[PDB]
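Read the structure below first, then the notes.
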Ligand code: CLA
Ligand code: CLA
Ligand code: CLA
Ligand SMILES: CCCCCCCCCCCCCCCC(=O)OC[C@H](COP(=O)(O)OC[C@@H](O)CO)OC(=O)CCCCCCCCCCCCCCC
Ligand SMILES: CCCCCCCCCCCCCCCC(=O)OC[C@H](COP(=O)(O)OC[C@@H](O)CO)OC(=O)CCCCCCCCCCCCCCC
Ligand code: SF4
Ligand code: SF4
Ligand SMILES: [Cl-]
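Protein chains in written order, with the deposited numbering: chain G, 15 to 751; chain N, 2 to 81; chain T, 20 to 86; chain S, 2 to 40.
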């Protein structure tokens with residue numbers, strides 16, 4: 015069921031902007047038209063009312079997005095091969111910092127081409143590309159160039175696939191609605207076979223040059239990755255399990271392969287990365303479990319499961335008709351699927367951030383504290399943005415695609431029927447958490463300021479010991495040998511163990527948890543609960559409330575329903591997204607500040623040859639992170655000295671963005687604190703001045719809309735704050751050393 | 002209660018009455034316009050002040066005007 | 020390498036379970052038309068599913084016995 | 002002929018003019034740098 019040439023390819027409609035919207039195609043009258051145009055481009059459900067054409071547009075846009083990502087990755091490989099020092103870093107890891115951006119000498123900006131090692135002048139890259147390339151077995155610039163060329167070819171393939179699947183041969187609706195096969199094809203297909211292929215790549219290619227570089231072989235003396243597969247004698251030379259071939263695999267004797275597929279745990283004490291044998295065995299187990307999972311649902315042969323029948327069988331005495339109907343929602347509404355996928359992908363990116371620091375999987379990434387901090391913070395911010403988008407598209411589904419006649423006494427209807435109880439209890443939880451975390455900080459600030467340190471909440475005072483987290487850390491410490499008998503080391507040394515001391519620097523130690531950790535974890539719980547409260551109230555009240563009973567008729571994105579009923583501005587689901595964006599921003603700023611301070615205070619530093627570690631901020635987190643003043647002075651004021659004393663050096667760009675973000679945040683407050691009536695009257699005065707000299711434009715200038723004013727405000731606020739924190743974090747962690 | 006006034010530029014398009022979510026306005030017969038009808042507000046004690054009727058009005062400098070005044074349970078839109 | 024043959028032949032408990040628990044057996048595109056008593060009784064995809072399940076429980080059983 | 006008017010759209014002309022002016026300024030700096038006044 016594939017259509018034949020639905021949409022012709024013509025250059026004429028490119029030159030008439032606003033073709034997709036009926037109102038936009040009449041032409042511009044006010045400037046809002048222009049601002050409507052970019053606002054209305056990707057809302058495919060609003061332009062066309064048929065689900066089929068919306069699905070075609072989404073499929074071709076997905077191919078275009080994949081093309082954009084491939085262009086970005088190809089550029090990264092090209093900048094790592096021509097304008098980088100991957101050659102030179104690879105022979106000497108701990109004398110040379112990674113640098114993959116070379117900047118032209120112009121207007122004095124060549125100062126940013128700093129000395130990174132081996133006669134190189136360029137920006138020290140902190141994305142960790144070198145450590146992943148070492149973990150994959152890369153050893154030459156020509157192979158990185160080949161990967162860049164292949165990425166360009168795959169981007170062209172993605173563009174051609176998008177053009178083909180929109181304009182030439184495009185599928186029908188029941189192709190998209192066949193989700194039973196799509197989940198099997200994504201589990202046993204993409205994830206399972208991709209991890210099987212990467213496990214095969216690990217075992218064959220990434221393991222030999224990695225273990226030879228850890229042994230001490232120069233990178234030029236390791237010949238090339240393909241000559242291993244040319245001659246299997248090299249594997250039996252190095253891993254002596256490669257003597258029986260594929261025979262123990264098919265004959266239930268997998269213990270022969272317990273030489274390159276292991277269960278060690280911990281880190282490799284030459285690099286600080288995870289064990290590559292551990293990661294290959296993990297990838298193989300993940301592949302087998304995912305192949306097994308990708309044969310659950312009936313696709314074409316009558317064997318499997320019906321997801322509809324599974325959902326319809328789940329109902330109880332508390333939940334009425336249970337999960338009746340959710341298959342129809344998730345097969346007809348793109349927005350509902352987008353909401354739940356954004357939630358789980360944001361949670362996954364946050365899980366990735368939290369798992370990557372404590373179990374560093376790349377060689378020499380852990381001792382590069384800039385790379386660790388950058389990766390943690392970047393993945394945290396990506397996850398938080400995706401969770402806000404999840405709340406957004408849940409509200410969008412509630413406004414647009416919800417139907418009450420086709421959800422009667424199921425779970426979703428009962429959510430809507432007890433949303434008051436849900437939101438009121440979440441409100442009480444948020445107030446309780448805000449008091450019993452931030453007021454603990456306020457209590458501590460006041461008692462320290464009053465000269466009563468024995469009355470504070472601290473380890474040397476009234477103690478708040480996180481005893482459950484300590485007990486779980488203890489159980490993880492006694493895991494390898496008692497509850498994990500075949501595991502050699504612990505899953506991570508953050509739970510308890512000994513300090514890995516690759517080079518003179520630290521990679522991981524037991525992260526102890528005291529009163530300050532208790533306080534900051536309950537701060538995290540509080541802020542996550544408030545962001546969840548905002549987004550869940552926006553979802554549950556997107557259609558109606560006691561204030562506005564017809565909110566679904568007003569849409570998802572509307573400023574207000576007027577000054578009446580006391581005032582109803584910011585009632586829409588979009589405005590709940592707007593507020594949840596700031597609260598997610600606050601939550602993640604505190605999360606990454608906790609991470610940066612705890613890692614600099616109790617983990618990172620310099621190891622003495624006797625076995626003692628001098629930390630970066632000398633363990634001040636236990637006594638200073640219990641007050642707001644300690645966070646202001648010992649964390650913000652103290653560590654901002656690197657970003658403000660950067661001028662005249664190679665880090666001075668991090669100074670400039672430290673100013674520049676401070677601009678944009680403040681600029682945001684113009685849009686956030688004001689309203690468009692003032693700006694429209696001011697625009698009237700400037701139009702009168704333009705009328706005097708006959709320079710009045712034909713498109714009439716207007717103030718921005720109320721929604722657009724809020725959008726510009728939140729965008730500039732988040733941009734300025736994130737750029738400020740990025741500049742501060744990077745100039746601190748490129749000067750930690 | 003809020004005050005809803007209708008001025009003589011009304012052309013009887015009935016859009017303010019259709020836009021009103023609380024049944025404040027009707028259309029009564031008139032002679033000042035070609036439609037021969039003018040909006041009226043007999044039920045301003047039910048008006049919440051949402052100004053949807055003002056948004057619907059097509060006459061330049063709207064013929065219907067809502068003035069927020071005394072605040073009641075009905076006017077603040079309270080279900081409690 | 021002989022007792023594992025008897026264990027992954029007694030894996031046919033998966034076939035026995037799928038005889039009396041699979042909702043739809045003889046429905047697929049290719050359904051193994053020479054039907055007989057106990058080899059191709061329900062169909063090709065039922066046989067494939069039961070042999071995969073048998074291999075799964077056979078691997079589990081042999082690595083459980085091999086302590 | 003729609004591509005000619007697609008280039009004629011306002012962002013394409015303003016980005017082309019911005020690139021032209023930026024190229025002129027960058028070239029005048031990389032030929033003759035460090036001018037604060039008229040010598
Ligand atoms: C040269 C080939 C060609 C031609 C003549 C057209 C022509 C057309 N397409 Mg089409 N398309 C193409 C390639 C082409 N497309 C490719 C490669 C894809 C895959 C991404 C699509 C996907 C696509 C979709 C999904 C839709 C169209 C639509 C349309 C029609 C309206 C014009 C339009 O979109 O506004 C002009 C728009 C632009 C000029 C936007 C430019 C792209 C912006 C800046 C985003 C950049 C991302 C880009 C898509 C991919 C990455 C670029 C790359 C350099 C990395 C028009 C007939 C639409 C339609 O049916 O109209 C009702 C529609 O819904 N096309
Ligand atoms: C998988 C991810 C995903 C997908 C598929 C969509 C898809 C969609 N979203 Mg959505 N969204 C997402 C993530 C996603 N979003 C996230 C993560 C958030 C949280 C921030 C939101 C928040 C959100 C809102 C609040 C709204 C949408 C809307 C929409 C719809 C139209 C998009 C639009 O107007 O395009 C056009 C997009 C723009 C014009 C935005 C461009 C301007 C951005 C803000 C600039 C960002 C700054 C940039 C990164 C750096 C600046 C550099 C500069 C200095 C040079 C479409 C269904 C809108 C809609 O109509 O709903 C149906 C809508 O109201 N979404
Ligand atoms: C630092 C500034 C600040 C502070 C203190 C608050 C405080 C609060 N906001 Mg908030 N907010 C802010 C900025 C701030 N906001 C900004 C900038 C925005 C814009 C996007 C928002 C947007 C926003 C939304 C959208 C939401 C909140 C919510 C909340 C409440 C969370 C529940 C809670 O913690 O209760 C406990 C209260 C506190 C921790 C406040 C401090 C109390 C101190 C420590 C105790 C004082 C002791 C005593 C009372 C003093 C009396 C003195 C005596 C002489 C009388 C709380 C009242 C949420 C809410 O109401 O959920 C329940 C909610 O939904 N806010
Ligand atoms: C941090 C860990 C240590 C502290 C743990 C504290 C647990 C807190 C109290 C228990 C919550 C019980 C909900 C499960 C019990 C539960 O699922 O009941 C089961 C019941 C569904 O019963 P049925 O048999 O109808 O279910 C059939 C299902 O298949 C659905 O159709 O659900 C309800 O009644 C919904 C009402 C939940 C009302 C409770 C709201 C929960 C708010 C608290 C959330 C706190 C989570 C804290 C831990 C993360
Ligand atoms: C950390 C970095 C900063 C990230 C902060 C972002 C916060 C997220 C804000 C999303 C809200 C917008 C979602 C649509 C919600 C929405 O539509 O926005 C609101 C506004 C129009 O909304 P109204 O409700 O006025 O629309 C009325 C229409 O619905 C009916 O005609 O749209 C705009 O502001 C248009 C201006 C876009 C400006 C176009 C400039 C070109 C920028 C494109 C480059 C983008 C980045 C490309 C990759 C580099
Ligand atoms: S202040 Fe603005 S957003 Fe609030 S009710 Fe009035 S017009 Fe609407
Ligand atoms: S302000 Fe609202 S409730 Fe009052 S008359 Fe106008 S539309 Fe009706
Ligand atoms: Cl202090």
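We treat Cβ as the ideally placed atom computed from N, Cα and C, and that holds for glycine.
Can you tell me whether residue 15 of chain G is buried or exposed? The criterion is at least 16 other CB atoms within 10 Å of its CB, across all chains shown. Exposed, since its Cβ has fewer than 16 Cβ neighbours within 10 Å.
Along the chain, where does the beta strand (DSSP E) that runs through residue 18 of chain G open and close? 16-18
So, does the CB of residue 1 of chain N fall closer than 8 Å to a CB anywhere in chain G? Lying outside 2 to 81, the shown extent of chain N, residue 1 of chain N is not represented and no answer is given.
State the start and end residues of the unbroken alpha helix (DSSP H) segment that holds residue 557 of chain G. Element bounds for residue 557 of chain G: n/a, residue is neither H nor E.
In this structure, does DSSP put residue 184 of chain G in helix, strand or coil? strand
If the criterion is Cβ atoms closer than 8 Å, does the pair residue 572 of chain G and residue 728 of chain G meet it? no
Within chain G, partners of residue 22 of chain S - CB distance below 9 Å: Annotation: residue 22 of chain S has no Cβ neighbours in chain G at a cutoff of 9 Å; minimum Cβ distance is about 15 Å.
Thinking C-alpha only, which one of N:34, N:16, N:9 and N:21 is nearest residue 48 of chain N? N:21
Please report whether the beta-carbon of residue 265 of chain G lies at a distance below 8 Å from any beta-carbon of chain T. yes
If you measure from the CB of residue 155 of chain G, is any heavy atom of ligand 8 nearer than 7 Å? no
Tell me, please, whether the segment 388-405 of chain G touches the segment 357-364 of chain G by the rule of three or more beta-carbon pairs shorter than 8 Å. Contact holds: three or more Cβ-Cβ distances are below 8 Å.
At the level of alpha carbons, what is the spacing between residue 5 of chain S and residue 29 of chain G? 8 Å
Under 8 Å by beta carbon: chain G residues contacting residue 69 of chain N: 577 and 578
Tell me residue 28 of chain N's beta-bridge partners as DSSP assigns them. Per DSSP, N:40.
How would the residue list near ligand 5 read, in chain order, if you kept each one whose beta-carbon is closer than 5 Å to any heavy atom? Going along the chain, the residues that qualify are G:49, G:50, G:52, G:53, G:571, G:719, G:721, G:722, G:725, G:729, G:732, G:733 and G:736.
Mind checking whether the beta-carbon of residue 452 of chain G lies closer than 7 Å to any heavy atom of ligand 3? yes
Would you kindly work out how many angstroms separate the C-alpha atoms of residue 700 of chain G and residue 552 of chain G, rounded to a whole number? 39 Å
Check distances from the C-beta atoms of the segment 553-585 of chain G to those of chain N and list, in chain order, the residues that come in under 7 Å. Per Cβ criterion, the list reads 560, 561, 564, 575, 576, 577, 578, 579 and 580.
In chain order, what residues place their C-beta within less than 6 Å of a heavy atom belonging to ligand 7? G:578, N:5, N:20, N:21, N:23, N:25, N:26, N:48, N:49, N:50, N:51, N:52, N:53, N:54 and N:67
Look at the alpha carbon of residue 321 of chain G and the alpha carbon of residue 340 of chain G, and state the distance between them as a whole number of angstroms. 10 Å
Which of helix, strand or coil DSSP assigns to residue 266 of chain G: coil
Check distances from the C-beta atoms of the segment 122-141 of chain G to those of chain S and list, in chain order, the residues that come in under 9 Å. Listed by position along the chain: 122.
Quick test of the definition: if touching needs 3 or more C-beta pairs under 8 Å, does the segment 21-36 of chain T touch the segment 63-75 of chain N? Verdict: no, contact absent.
Near residue 108 of chain G, what residues of its chain come up, given a Cβ to Cβ distance below 6 Å and the 5 sequence neighbours on each side ignored? Closer than 6 Å at the Cβ level, and outside the excluded window around residue 108 of chain G, lie 517.
If we cut at 8 Å on Cβ distances, does residue 120 of chain G have a partner in chain S? Chain S, which has a Cβ nearer than 8 Å to the Cβ of residue 120 of chain G, makes this yes.
Applying the criterion that 16 or more other CB atoms from any shown protein chain within 10 Å of the CB defines a buried residue, is residue 24 of chain G buried or exposed? exposed
Neighbour list for residue 22 of chain N in chain G, Cβ cutoff strictly below 8 Å: 564
Check each candidate in G:547, G:702 and G:83 and name the one with the smallest Cα separation from residue 444 of chain G. G:547
Mind checking residue 590 of chain G: buried by the 16 CB within 10 Å criterion, or exposed? Note on residue 590 of chain G: 16 or more other CB atoms within 10 angstroms of its CB, so buried under the neighbour-count rule.
Where in the segment 302-335 of chain G do unbroken runs of the alpha helix (DSSP H), each at least 4 residues long, occur, reported from the N-terminal end onward? 321-326
Closest Cα partner of residue 408 of chain G within the set G:40, G:348 and G:295: G:348
Beta-carbon proximity check, residue 273 of chain G vs residue 246 of chain G, cutoff 8 Å: Taking a C-beta distance under 8 Å as the contact criterion, residue 273 of chain G and residue 246 of chain G do not qualify as a contact pair.
Cβ-heavy atom distance between residue 643 of chain G and ligand 8 below 7 Å? yes
What residues in its chain sit with their C-beta under 7 Å from that of residue 17 of chain N, if we drop five residues either side in the sequence? 26, 40, 54, 57, 58 and 65
Residue 37 of chain S CB to nearest chain G CB: under 8 Å? no
Pick from G:169, G:97 and G:265: whose alpha carbon is nearest that of residue 2 of chain G? In the structure as shown, chain G starts at 15 and stops at 751, and residue 2 of chain G therefore has no counterpart that could be examined.
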